[PDB]
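Here the structure is laid out as structure tokens; the discussion comes afterwards.
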Amino acid sequence: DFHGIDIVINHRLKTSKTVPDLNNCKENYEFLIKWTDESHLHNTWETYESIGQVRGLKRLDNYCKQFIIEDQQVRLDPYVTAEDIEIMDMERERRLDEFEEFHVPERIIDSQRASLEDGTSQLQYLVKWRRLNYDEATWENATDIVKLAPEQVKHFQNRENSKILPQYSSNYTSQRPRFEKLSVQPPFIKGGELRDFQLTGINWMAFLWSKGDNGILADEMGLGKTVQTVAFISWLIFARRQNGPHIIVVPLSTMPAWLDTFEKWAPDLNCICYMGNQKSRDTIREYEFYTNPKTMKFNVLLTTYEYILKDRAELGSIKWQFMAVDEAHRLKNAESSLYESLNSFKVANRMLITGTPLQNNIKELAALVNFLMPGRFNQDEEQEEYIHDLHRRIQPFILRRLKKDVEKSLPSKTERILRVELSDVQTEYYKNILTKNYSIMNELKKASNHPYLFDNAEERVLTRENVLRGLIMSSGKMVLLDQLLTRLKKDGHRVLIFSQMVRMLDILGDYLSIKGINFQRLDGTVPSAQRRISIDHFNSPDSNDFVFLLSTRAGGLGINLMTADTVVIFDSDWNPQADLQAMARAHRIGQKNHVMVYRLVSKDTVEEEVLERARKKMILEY
Amino acid sequence: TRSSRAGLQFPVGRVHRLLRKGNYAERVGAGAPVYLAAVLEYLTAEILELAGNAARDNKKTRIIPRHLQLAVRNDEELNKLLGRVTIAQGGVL
Amino acid sequence: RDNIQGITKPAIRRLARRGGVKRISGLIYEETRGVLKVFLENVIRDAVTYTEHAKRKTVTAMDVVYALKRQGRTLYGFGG
Amino acid sequence: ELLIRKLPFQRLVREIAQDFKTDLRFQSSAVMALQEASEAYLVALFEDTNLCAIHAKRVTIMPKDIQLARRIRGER
Amino acid sequence: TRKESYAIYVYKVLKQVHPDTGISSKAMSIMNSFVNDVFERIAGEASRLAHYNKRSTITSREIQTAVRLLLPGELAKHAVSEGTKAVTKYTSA
DNA sequence: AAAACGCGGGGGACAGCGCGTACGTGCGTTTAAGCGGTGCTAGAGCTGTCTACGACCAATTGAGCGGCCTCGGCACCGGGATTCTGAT
DNA sequence: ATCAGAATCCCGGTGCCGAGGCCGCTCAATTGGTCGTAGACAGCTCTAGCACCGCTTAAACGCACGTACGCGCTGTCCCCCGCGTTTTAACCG
Ligand SMILES: Nc1ncnc2c1ncn2[C@@H]1O[C@H](COP(=O)(O)OP(=O)(O)O)[C@@H](O)[C@H]1O
Ligand code: BEF
């Protein structure tokens, strides 16, 4: 409402000691501020005397203090080492690059005309910038916007005067026109190089749509299921003129991947990402509908499970023609509030995507089938027939493809289990938690993995040397991890480590920081932006990171991890399907390195039982 | 049914059953359960009436903890009856 | 921190405002944690005694209600 | 709505019960009852304490105020 | 399974006193626990009184004295009156 | 033996006035926490069998209750020593 | 710094009532047996409330600022003490 400091970009010396004082900062150093309710590119150099008394000064002090401490421990501190400065200028340049890209627009929302002090009815563009949700969206000058990105303004104009709007979407639900078995890429798909199996899947799902019933894309993780989804959305919106809104609900951390896929295989098609705070939602409500007492313009709306649950009611009004769920494994619980919410959603056709269709128990497969098609769905020898008749019944409604039969270029997958000996400290903790007075199966798992997980196990085993020797020698699992990490570093390989516990990941991060390896971490507590930065860095052509720390399912459900060769699973997650789904994060079609999977198991512990019983779940897949 | 013939809404028979099974005395009079059911019905009717009045004052068709607690605490009578009592999810007067 | 400090200064604040307190002294908070601490010791002691008698390894809402009823503040809502 | 704060209260209750017994395993309803009772007690006590301050010609409650309230209640 | 609660009866009284209003599971639990508390209190009083009078039976006059002691006043007369109408009409049939 | 009136008198109430510690109040961060969702498996909560346990009943008797009767011990008194108390 | 004047206090004397013992014979105790059935025990199926992790975001923490009130000090003047004196209600045969 009133101009004032909101974010600060960077610093500099106005004109050419260890701890700058307040006067030293105020006079010599000068700061590039952003003003509130302004674009992120309308920045300006500023100094205390010029800004005067204005809100945000506390943030000017907080950033300046961060700058002073940074200048203290870059090199003028007594302790200086090459790794330290490397991390400092690395984080510095990353922050610079992110803020530099915060300037350029990503999309334009609307154009409005307003009289200025001079009376000109100059046009103004509301513009969303890259790496921002629709919150903090400002009306920028039309002239500046067209100069800065004429291409985006062209896409904007095409969007507002688009021949693909929902409002005259055809209504073929009375009888769906019969299709023709496609043998070539339709010219609509502007990504190119669609695979033969992907065409077969598109035609399978089109035949199923035409017949009217629904199905689950059960192709195993890493066969371009997202690309098939985008191709079929374009197919509905072009071949069948069903312009009307579609909803894609995807796990978070894969939403940017879905924007990339939609834009690169269908640039003309409009998609709206639906996340951010309540202001982001409100700025979406400003645009997704018209100010009138109703039509949808957005061709597709992308969102996540949490946002579906939160805005169930408000989205529930919108007549959806195609609702597609990615990674249909959170829909395996009938009681799940997402299950109830999606049933409550008013949807013409539902599609499910999952690398792993059949989960731990047949009840989950039954629940998935029922939510696909509601109302349409022991002794050993009777069971042997019954499973097969249920399977035969669902084969027309399921499509699954194996990486071995098709995509021969995908190198074979090798998985190996390494039985590890429990160290002395782990054994001691183990016997302690088989009794009381050391001062649940979880505690066995923690003790088997690594004793630092416990509250005050630091003193029990324990300069720079001492901490590292303690951490390595405390777990035989970690000792084998050292041998493999050094071997892979010698071989120039890249690794990603799947740990169930966030504390396991924290222990790994402290270890790798101490030993000096550069890594990248992705976890549930990580905000969406910096997760995307993490994935972009690890996937860039140049990558000084050799280790990717991951949870079992935050980065092991739907994320893309091109350019990794080794997957080290610390422990099974009680679900072999989820273990496989994490394992297929490096066995994508885009891998020419013959991924090898090392699963670490402690001997004479709970993990042997865990594997022996996950074996039962594997046998039930048949 | 003893309650239905009684024209009281409370179970005279089950009150008698609990008085027998509660080790209260070896024999229970015929009129004691009847009288106790009558007083229980009366107190419930009074409290429910007050709760409904509070709900009307709050323009709500639904009687919630705050309605019941507000009734009990505004009314001096029930307040002295249940002064050293706390109603779950109940707000302050 | 230790979970006695889990009862946060804003929580103590909201309690006081509900009870009608206009201002709270900084020394109030420690002692509120203290009285909360001793009351919980009493009620949990009676509840655990109830379970131990019942050969039940799970504190039950009926046990909590019975404990409170003896201490002199009957709790309605969780009856069974 | 409830104001003594859920998970902090549950953990406080857990360590309090830890001293009286080990491998003791609460119920959700039991935790709710405990929190509601403690809420009621503390609101009553702050009402008393504010009476005490108002009688001492003070608007801000004090340690001495809450100790007065307690030692007239009698648990102290 | 058969659960010991005053559900249907509180519903019946509530529809009698306020036909439009309804009560949910939680508030029924509040009413049920309250009625159980009042009823336990009255029955304990009656048993204690029969004991102190060395009388080994319970009856409407026991409950008379219990209700009169427990209810603070200005519903004591009402509770006595409705209980008495119930017990005379019982002893008739 | 206690209550009730009355007088002067000291002590302290109550109000005012000042200063300064402490308080509430933003300002946003970092924190943690609903409110979903995972996989357990401790341990209910329930049933069924069968034993020792306990409730009633005579028959036998020995601890308790009321009545009765002594005499230590407590309350009582005067007189004598102890004592905390201003008052100047 | 001191000692006079009330109250408190030490001892022991005499008188009276209740405590504590004894006695009888009342009543319920204590074996001794029998029968029924409540609980211990064993066993099963199934609940539900762990342990943690997402994810968003309300809430808590820290810090800084300004000023309303806590506590102290002083001053005056109402309102009780603390007798002495005069009623008065009570005292226990
Ligand atoms: N034909 C293709 N051309 C280019 N990239 C592809 C193709 N097929 C798949 N990919 C890439 O593979 C990645 C993974 O797709 P997939 O694992 O099947 O689904 P999801 O992305 O939902 O996990 C996508 O991010 C996509 O970029
Ligand atoms: F197919 Be996986 F979920 F990327």
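Line by line, the protein sequences give chains W, g, b, a and h.
Numbers 175 to 190, 199 to 475, 481 to 564, 574 to 635, 651 to 673, 682 to 841, taken from PDB author numbering, label the letters of the first sequence in order.
Numbers 16 to 108, taken from PDB author numbering, label the letters of the second sequence in order.
Numbers 23 to 102, taken from PDB author numbering, label the letters of the third sequence in order.
Numbers 59 to 134, taken from PDB author numbering, label the letters of the fourth sequence in order.
Numbers 29 to 121, taken from PDB author numbering, label the letters of the fifth sequence in order.
All C-beta atoms in this analysis are idealised placements derived from N, C-alpha and C, irrespective of residue type, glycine included.
Are there 16 or more other CB atoms within 10 angstroms of the CB of residue i, so buried, or fewer, so exposed?
i	result
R312 of chain W	exposed
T744 of chain W	exposed
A71 of chain h	buried
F485 of chain W	buried
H113 of chain a	exposed
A107 of chain h	buried
Would you tell me roughly how many angstroms separate the C-alpha atoms of residue i and residue j, rounded to the nearest one?
i	j	result
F100 of chain b	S87 of chain a	7 Å
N25 of chain b	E52 of chain b	13 Å
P348 of chain W	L545 of chain W	36 Å
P47 of chain h	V54 of chain g	21 Å
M692 of chain W	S718 of chain W	19 Å
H185 of chain W	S232 of chain W	15 Å
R95 of chain b	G50 of chain h	28 Å
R467 of chain W	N557 of chain W	33 Å
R772 of chain W	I74 of chain a	35 Å
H177 of chain W	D219 of chain W	7 Å
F767 of chain W	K533 of chain W	40 Å
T59 of chain g	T119 of chain h	24 Å
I838 of chain W	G426 of chain W	43 Å
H806 of chain W	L606 of chain W	8 Å
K609 of chain W	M802 of chain W	10 Å
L630 of chain W	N64 of chain b	31 Å
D81 of chain a	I651 of chain W	10 Å
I346 of chain W	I419 of chain W	8 Å
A102 of chain a	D620 of chain W	55 Å
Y456 of chain W	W440 of chain W	12 Å
residue 681 of chain W	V71 of chain a	Since the model of chain W passes from 673 to 682 in one step, residue 681 of chain W is not part of what is shown.
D271 of chain W	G735 of chain W	15 Å
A783 of chain W	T411 of chain W	25 Å
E265 of chain W	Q85 of chain a	51 Å
Could you check how far apart the C-beta atoms of residue i and residue j are, in whole angstroms? I think they sit under 8 Å.
i	j	result
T543 of chain W	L799 of chain W	6 Å
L58 of chain b	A95 of chain a	The pair is not a contact, with the Cβ atoms about 11 Å apart (cut-off 8 Å).
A66 of chain g	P26 of chain g	With 8 Å as the limit, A66 of chain g and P26 of chain g do not qualify as a contact, their Cβ atoms being about 22 Å apart.
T436 of chain W	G777 of chain W	4 Å
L434 of chain W	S747 of chain W	6 Å
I250 of chain W	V201 of chain W	6 Å
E92 of chain g	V45 of chain h	With a Cβ gap of about 17 Å, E92 of chain g and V45 of chain h do not count as contacting.
Which two residues bound the contiguous beta strand (DSSP E) that contains residue i?
i	result
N536 of chain W	534 to 540
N779 of chain W	First-last for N779 of chain W: undefined, no H or E at that position.
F100 of chain b	Premise fails: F100 of chain b is in no beta strand (DSSP E) and is neither H nor E.
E514 of chain W	Looking at the DSSP string, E514 of chain W is not in any beta strand (DSSP E), and its letter there is neither H nor E.
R295 of chain W	287 to 295
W311 of chain W	305 to 311
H428 of chain W	428 to 431
Got a sec? Which residues, its chain only, sit under 7 Å from residue i by beta carbon, not counting five neighbours each side?
i	result
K407 of chain W	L399, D401, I540
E551 of chain W	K519
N628 of chain W	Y634
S524 of chain W	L496
Check for me: the alpha helix (DSSP H) holding residue i runs from which residue to which?
i	result
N206 of chain W	204 to 210
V616 of chain W	From DSSP, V616 of chain W is part of no alpha helix (DSSP H) but of the beta strand (DSSP E) over 610 to 616.
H31 of chain g	27 to 36
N184 of chain W	From DSSP, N184 of chain W is part of no alpha helix (DSSP H) but of the beta strand (DSSP E) over 179 to 187.
Tell me which same chain residues have a C-beta within less than 8 Å of the C-beta of residue i, skipping the five on either side of it?
i	result
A103 of chain g	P80
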